[PDB]
**Student:** 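Below: one structure in structure tokens.
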Amino acid sequence: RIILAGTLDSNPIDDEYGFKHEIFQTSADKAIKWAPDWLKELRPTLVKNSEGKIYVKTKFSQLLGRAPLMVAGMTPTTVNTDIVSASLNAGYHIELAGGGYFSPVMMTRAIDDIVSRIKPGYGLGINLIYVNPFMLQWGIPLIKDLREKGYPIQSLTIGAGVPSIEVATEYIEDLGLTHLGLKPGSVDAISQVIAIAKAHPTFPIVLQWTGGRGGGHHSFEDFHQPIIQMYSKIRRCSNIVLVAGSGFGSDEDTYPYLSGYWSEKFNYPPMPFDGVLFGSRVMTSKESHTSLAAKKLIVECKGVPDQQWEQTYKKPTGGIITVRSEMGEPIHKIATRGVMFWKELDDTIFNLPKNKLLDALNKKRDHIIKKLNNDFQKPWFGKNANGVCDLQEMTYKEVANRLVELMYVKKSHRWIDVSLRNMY
Amino acid sequence: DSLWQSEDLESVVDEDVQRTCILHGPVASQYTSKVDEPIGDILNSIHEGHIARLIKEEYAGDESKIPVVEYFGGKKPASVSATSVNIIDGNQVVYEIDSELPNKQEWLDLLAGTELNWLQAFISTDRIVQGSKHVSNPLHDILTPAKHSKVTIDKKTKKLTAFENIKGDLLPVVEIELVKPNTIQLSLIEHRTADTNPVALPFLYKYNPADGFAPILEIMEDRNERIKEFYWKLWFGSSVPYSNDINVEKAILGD
Amino acid sequence: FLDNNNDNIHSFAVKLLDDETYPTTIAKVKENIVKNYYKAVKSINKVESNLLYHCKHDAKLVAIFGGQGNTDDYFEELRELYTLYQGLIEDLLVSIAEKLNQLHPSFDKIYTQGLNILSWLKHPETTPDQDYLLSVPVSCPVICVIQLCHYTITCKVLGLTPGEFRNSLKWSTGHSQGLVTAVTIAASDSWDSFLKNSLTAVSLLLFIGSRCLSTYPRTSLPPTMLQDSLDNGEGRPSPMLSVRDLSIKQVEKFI
Amino acid sequence: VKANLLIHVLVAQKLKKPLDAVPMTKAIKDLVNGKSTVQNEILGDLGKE
Ligand SMILES: Cc1cc2nc3c(=O)[nH]c(=O)nc-3n(C[C@H](O)[C@H](O)[C@H](O)COP(=O)(O)O)c2cc1C
């Protein structure tokens, strides 16, 4: 505790350090404003239940009533009502991926599959995505009255953006959540969460810190450095629960992150984390709907150490490259032939402006058609007399039979979508 | 939309995984080695890895040194700069109250007590499970502080009984006690009837020590028939027995 | 005004800022309250509630000591201290400045504008410009005077002999300049011993002051250089330069 | 109400700037300045509107 004994003009608004009078106070136990010691106050401890089973009591575990190890809500990953079900039955927390649901009729049908199957009393979260303002147009008015019906949806994690303060007030005050997750990617995104917690001092906020070494849509900043500049003023908000993720898969890996002994690599005080979320670890599990040949590919993809994940922008690093999405922000994906072909069109065609776009596709045409048929998952539609072609040189019957080829799964006698059946 | 194929590679050109995009992380792949292990056994095997290290490092290899609680959760780790002197636990307690001491939110903490038990759970849980729901706590507003009231907690929180003043006299209106094992009965008492005999509304709450996020789940079985027998005693009296076999089509005679 | 904290006007001063009846400024709180209290008070030799360090395993005090150049306008800290705490240190710095004037003429011709600090406090018009005041034979004694006042006042506000106020401390150290005041702090015991060791401190930094200017005399700077330095956002050039935001391994890659 | 007067009104209250401060010639992306939650919220409001 720093006591500036020269100057007497207390109080600083953040109360980092004291002034002249704190030497002088004659109250017995009220004179000593203590400094926060991070290694003693919020260290992970153990606790037994009444049934004798042992938990790790952290600040994240105490709010949820279970182990400090949640499964992060992913679009493709967290979409199988079954991966969110029987991992809650294991006793672990999961937020439902809202991104793969497209109407409030379909999600309410999906939530009822969980609540009918998980134990009476368990709860799930809903991971929405803030850069889909269509999904917040129906999903947020869904959560307001579905919680008023009383369903066990207990939290709302907002990925891909931190809301403004007048919006995050409405996400806390009106609709009755237990806690609220936020996933910052920058220091200005972290300091915007601290702006939310000081507006609502008693409501829990689970700050989910993910670095750029995760999967899914990446981030530019390092994992360690932004929180190492911000851990001091996150912990001055006692409601913010800090959770670190982005690349955690084993007990020997992330025990230095819970205990806090990782920052003595960086000549800093021990900096314990309250909880740990899992991303790409849960995909090869039995109760996920990742394809069996796709799970074998992830097993074949050896990982990369943390010291060299920045070279993912150039080369396949362990079989995983980042690549540019529709609107520019990067996306970590595995390095198959189609995803390497995704990058070839990003460096060459997709970065061009509009005036050179139609001319570059004309000169690159039969080469693009070559690997849409061979390498990429969305084929080229034109196929006349077993020759690849343009669309306007196909008959109507072979237009229709190619729509049955590319939209109907003959092995399982079902359509990809009803709305593609309503297209054919 | 290149995304959903991961769990549905069968319905794609030639089921070749390459043709597809799978979202995954660079450092996370070196931990994913064995396939189709269950999602519980992934997270269990790394939780017990953290337990076995934290037994060995900070607890000297002894499991008995670990603190033991009845339930885990519910009490807020966010401690504000508040006076912990007014947190009072007791053995055989009466708590009279007037206009000033205390306010609402610390009055629930006085009736909790520092030790974790069912009454500390039931006075202070945010939620009561009503058949896989999470609806608001009934005691959290019916035990709101009021003038001339008092509550009575006796012999290590085994029964809470709340009083309030009516017509000068002071009679029980709320009773919480344990009944037949590991079940709370919230007995909510109504006094003013036809012949001034007090009648009480039997509620049944089940207590679950294993779950701490929602420890107390309300028994929704036979609930509507408990509430109807209470109103049958009110509107009619105890002189008529409870008969629920009323035929709906026939007209109902009076007197 | 000071109920059961009757010797705690320092915290009483800053609690007056919090009122809305009082428009908040610290200048009318420092003087008009804390100036006039120590002006009016008799003997403060009342050893107050020193139980903070008496639980020795739980609280550990360290007095730490600043160096040269933490602020531009440093002498106004001694201005406001002499304005406010005047009866607490007037016996001290008169004994200081009498020793300095007995050591002042021996280093003439390099600082001609005098070292009469007591004239500079009683008469602000007698003060030189700050470019002379920030120079090394001036600032190295006077910063040692500032640090020896805040130790004197903290011993005298609490009413402690410095030999037993030193007993409340576990260890101490100084920065660039104030290390001589840390070895002053462990050598001083009573009120007579503290002055004898403080005079050996302020006379010491008249030799560190004069001989570091007599060895490396600051010469005139080309006005292309300093006007460039003010326009680049840097400071006015001086023989020490602070580099932030870089590691020690990469700064030495630049030097 | 017209489209031109509709988008402007909603955007004016979102950016907390005078109605003239937002020229309808440009785009929200360049008008916001770079905020990930700024542009997302702007469109979100209009999306549900
Ligand atoms: C297959 C997969 C799908 C994902 N879907 C989402 C999503 O819909 N919304 C979101 O904010 N993050 C999403 N993520 C990011 C993760 O939630 C988390 O931030 C990251 O995976 C942690 O990195 P790690 O897998 O190395 O531990 C996804 C990650 C993977 C591997």
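So you know, we letter chains A, B, ... as the sequences are listed, proteins then strands, and number each from 1. Note: hydrogens, waters and symmetry copies are ignored here, and every other heavy atom, side chains too, is used.
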**Student:** Using side-chain contact (heavy atoms from CB on, under 4.5 Å), reason through A:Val276 and A:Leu258 one step at a time and then give a plain yes or no.
**Tutor:** CA-CA 8 Å; A:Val276 167; A:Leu258 285 178; 4.1 Å; yes
**Student:** Just wondering, do B:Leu234 and B:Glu190 contact through their side chains at under 4.5 Å, heavy atoms?
**Tutor:**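 Side chain of B:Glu190 against side chain of B:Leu234, heavy atoms only: contact under 4.5 Å found.
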**Student:** When you compare the side chain of B:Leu204 with that of B:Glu221, does any pair of heavy atoms fall below 4.5 Å?
**Tutor:** no
**Student:** Taking the side chain as everything from C-beta on, heavy atoms only, tell me whether A:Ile158 gets closer than 4.5 Å to A:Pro163.
**Tutor:**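 Yes - at least one pair of side-chain heavy atoms lies under 4.5 Å apart.
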**Student:** Can you tell me if B:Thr157 uses its side chain to pair, donor with acceptor, with the backbone of B:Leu119 under 3.5 Å?
**Tutor:**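 No.
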**Student:** Which distance, rounded to the nearest 0.5 Å, do you find between the OH of B:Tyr205 and the CD1 of B:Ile184?
**Tutor:** 9.5 Å
**Student:** Is it the case that the side chain of B:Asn137 and the backbone of B:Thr125 share a donor-acceptor pair, with hydrogens and angles ignored and the cut-off at 3.5 Å?
**Tutor:** yes
**Student:** Within the side chain of B:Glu175, is there an N or O that forms a donor-acceptor pair under 3.5 Å with the backbone of B:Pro172?
**Tutor:** no
**Student:** Take B:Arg223 and B:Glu218 through the test salt bridge (charged side-chain N to carboxylate O under 4.0 Å, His left out) and record every step on the way to the result.
**Tutor:** CA-CA 9 Å; B:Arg223 180 174 177 271; B:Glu218 185 175 1; 3.0 Å; yes
**Student:** Aromatic contact between B:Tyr231 and B:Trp235, with the criterion being ring centroids under 6.0 Å apart: yes or no?
**Tutor:**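 Yes: the rings meet the under 6.0 Å criterion.
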**Student:** Counting heavy atoms not belonging to B:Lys104, are there more than 12 under 6.0 Å from its NZ?
**Tutor:** yes
**Student:** Salt-bridge test for A:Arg235 and A:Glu41: reply yes if a basic N is under 4.0 Å from a carboxylate O, no otherwise.
**Tutor:** no
**Student:** Please evaluate residues A:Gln208 and A:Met70 with respect to the criterion side-chain contact (heavy atoms from CB on, under 4.5 Å), reporting the C-alpha separation (whole Å), side-chain torsions for both, the decisive distance (0.1 Å), and the verdict.
**Tutor:** CA-CA 11 Å; A:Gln208 296 184 358; A:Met70 62 176 288; 3.4 Å; yes
**Student:** Please tell me whether B:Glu249 and B:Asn247 have a donor and an acceptor in their side chains that are separated by less than 3.5 angstrom.
**Tutor:** no
**Student:** What verdict does the side chain to side chain donor-acceptor pair (under 3.5 Å) test give for B:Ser124 and B:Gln120, after you've listed the backbone C-alpha separation in whole Å, the side-chain angles of each residue and the deciding distance to 0.1 Å?
**Tutor:** CA-CA 6 Å; B:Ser124 67; B:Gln120 191 272 330; 3.3 Å; yes
**Student:** Can you tell me how far apart NZ (A:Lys59) and CG (A:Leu64) are? Round to the nearest 0.5 Å.
**Tutor:** 12.5 Å
**Student:** Is it the case that over 12 heavy atoms from other parts of the model lie below 6.0 angstrom from the CD atom of A:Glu148?
**Tutor:** no
**Student:** Got a second to check how far A:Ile118's CD1 is from A:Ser87's OG, nearest 0.5 Å?
**Tutor:**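 Going from the CD1 atom of A:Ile118 to the OG atom of A:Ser87 covers 12.0 Å.
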**Student:** Answer yes or no: is there a side-chain heavy-atom contact under 4.5 Å between A:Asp112 and A:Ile114?
**Tutor:** no
**Student:** Specify the closest pair of heavy atoms between A:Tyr55 and B:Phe72, including all atoms of both residues, with the distance to one decimal.
**Tutor:** CD1-CD2, 3.4 Å
**Student:** Taking all non-hydrogen atoms of both residues into account, name the closest pair between A:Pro68 and A:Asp274 and its distance.
**Tutor:** CB-O, 3.6 Å
**Student:** Between B:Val151, B:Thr161, B:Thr152, B:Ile153, which is the residue that forms a side-chain contact (heavy atoms from CB on, under 4.5 Å) with B:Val94?
**Tutor:**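 By the side-chain contact (heavy atoms from CB on, under 4.5 Å) criterion, B:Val94 pairs with just one of B:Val151, B:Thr161, B:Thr152, B:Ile153: B:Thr152.
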**Student:** Is the distance between the ring centroids of B:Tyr242 and B:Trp232 less than 6.0 Å?
**Tutor:**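 Judged by ring-centre distance (under 6.0 Å), B:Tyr242 and B:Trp232 do meet the cut-off.
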**Student:** Check this for me: B:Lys156, atom NZ, are more than 12 non-hydrogen atoms of other residues, nucleotides or ligands nearer than 6.0 Å?
**Tutor:** no
**Student:** Keeping A:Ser27 on the side-chain end and A:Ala31 on the backbone end, is there a donor-acceptor pair under 3.5 Å?
**Tutor:**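 Flag not set: sc A:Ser27 to bb A:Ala31 has no pair under 3.5 Å.
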**Student:** Are the side chain of A:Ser238 and the backbone of B:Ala78 linked by a donor-acceptor contact shorter than 3.5 Å?
**Tutor:**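 Checking the backbone N and O of B:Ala78 against the side chain of A:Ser238, no donor-acceptor pair under 3.5 Å is found.
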**Student:** Is any side-chain heavy atom of A:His179 closer than 4.5 Å to a side-chain heavy atom of A:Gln154?
**Tutor:** yes
**Student:** I need the minimum non-hydrogen distance between B:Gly40 and A:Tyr92, along with the two atoms involved.
**Tutor:** O-CE1, 4.1 Å
**Student:** Can you find a heavy atom in the side chain of B:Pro209 that is under 4.5 Å from one in the side chain of A:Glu51?
**Tutor:**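 Side-chain contact under 4.5 Å: yes.
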**Student:** Using distance alone, with no hydrogens and no angle criterion, decide if C:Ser11 and A:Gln25 have a side-chain donor and acceptor under 3.5 Å apart.
**Tutor:**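 The answer is yes; a qualifying pair exists.
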**Student:** For B:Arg127 and A:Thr178, what are the C-alpha separation, side-chain angles and deciding distance, and is it a side chain to side chain donor-acceptor pair (under 3.5 Å)?
**Tutor:** CA-CA 10 Å; B:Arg127 71 199 75 255; A:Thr178 299; 2.9 Å; yes
**Student:** Testing the basics here: between B:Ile123 and B:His140, what is the closest heavy-atom pair and its distance to 0.1 Å?
**Tutor:** O-CD2, 4.3 Å
**Student:** Between A:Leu124 and A:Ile153, is the side-chain contact (heavy atoms from CB on, under 4.5 Å) condition met? List the steps.
**Tutor:** CA-CA 5 Å; A:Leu124 75 154; A:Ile153 48 171; 3.8 Å; yes
**Student:** Between B:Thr183 (side chain only) and B:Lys180 (backbone N and O only), is there a donor and an acceptor less than 3.5 Å apart?
**Tutor:** yes
**Student:** Once you round to the nearest 0.5 Å, how far does CG of B:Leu110 lie from CD of B:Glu106?
**Tutor:**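 Separation between the atoms: 7.0 Å.
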**Student:** Specify the closest pair of heavy atoms between A:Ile196 and A:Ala168, including all atoms of both residues, with the distance to one decimal.
**Tutor:**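 Shortest heavy-atom separation between A:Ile196 and A:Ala168 comes out as CD1-CB, 3.8 Å.
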**Student:** Return yes when atom NZ of B:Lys75 has more than 12 non-hydrogen atoms of other residues, nucleotides or ligands closer than 6.0 Å, and no otherwise.
**Tutor:** no
**Student:** Around atom NZ of B:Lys233, are there more than 12 heavy atoms of other residues, nucleotides or ligands at under 6.0 Å?
**Tutor:**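 No, not enclosed.
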**Student:** Closest approach of A:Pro44 and A:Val56, non-hydrogen atoms and distance?
**Tutor:**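 In this case the closest contact between A:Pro44 and A:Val56 is CB-CG1, 4.1 Å.
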**Student:** Are any side-chain N or O atoms of A:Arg147 and backbone N or O atoms of A:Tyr151, one a donor and one an acceptor, separated by less than 3.5 Å?
**Tutor:** yes
**Student:** Do A:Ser164 and A:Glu166 have side-chain atoms, one donor and one acceptor, less than 3.5 Å apart?
**Tutor:** yes
**Student:** When you look at NZ of A:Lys233, are more than 12 heavy atoms from neighbouring residues, nucleotides or ligands closer to it than 6.0 Å?
**Tutor:** yes
**Student:** Can you list the steps and then say if B:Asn224 with B:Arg226 is a side-chain contact (heavy atoms from CB on, under 4.5 Å)?
**Tutor:** CA-CA 5 Å; B:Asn224 289 320; B:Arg226 289 194 300 268; over 6 Å; no
**Student:** B:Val69 versus A:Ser50: any side-chain heavy-atom pair under 4.5 Å?
**Tutor:**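 B:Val69 does not reach A:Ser50 side chain to side chain.
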**Student:** Hey, are A:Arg117 and A:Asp113 close enough for a salt bridge, meaning a charged N less than 4.0 Å from a carboxylate O?
**Tutor:**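 The answer is yes: the pair qualifies as a salt bridge.
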**Student:** Check whether B:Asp109 reaches the backbone of B:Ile87 with its side chain - one donor and one acceptor, N or O, closer than 3.5 Å.
**Tutor:**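 It does not hold such a pair.
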**Student:** Could you tell me whether A:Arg66 sits above the aromatic face of A:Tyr122, with NZ or CZ closer than 6.0 angstrom to the six-membered ring centre and within 45 degrees of the axis?
**Tutor:** yes
**Student:** Kindly indicate, with the supporting measurements, whether the criterion side chain to side chain donor-acceptor pair (under 3.5 Å) is fulfilled by A:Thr157 and A:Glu95.
**Tutor:** CA-CA 7 Å; A:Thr157 302; A:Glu95 56 199 9; 2.6 Å; yes
**Student:** In terms of side-chain geometry, is the basic nitrogen of B:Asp154 or B:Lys159 positioned less than 4.0 Å from the acidic oxygen of its partner?
**Tutor:**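 Judged by the 4.0 Å cut-off on N to carboxylate O distance, B:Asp154 and B:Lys159 do not form a salt bridge.
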**Student:** Just by modelled atom types, is the A:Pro201 backbone N or O under 3.5 Å from a matching donor or acceptor in the A:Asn239 side chain?
**Tutor:** yes
**Student:** Report yes if some heavy atom in the side chain of A:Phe60 is under 4.5 Å from a heavy atom in the side chain of A:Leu69; otherwise report no.
**Tutor:**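 Of all side-chain heavy-atom pairs linking A:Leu69 with A:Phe60, none is under 4.5 Å.
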**Student:** Are more than 12 heavy atoms from other residues, nucleotides or ligands located less than 6.0 Å from atom CD1 of B:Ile246?
**Tutor:** yes
**Student:** Is there a donor-acceptor contact under 3.5 Å from the side chain of C:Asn5 to the main chain of C:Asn8?
**Tutor:**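 No, because the side chain of C:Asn5 does not come within donor-acceptor range (under 3.5 Å) of the backbone of C:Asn8.
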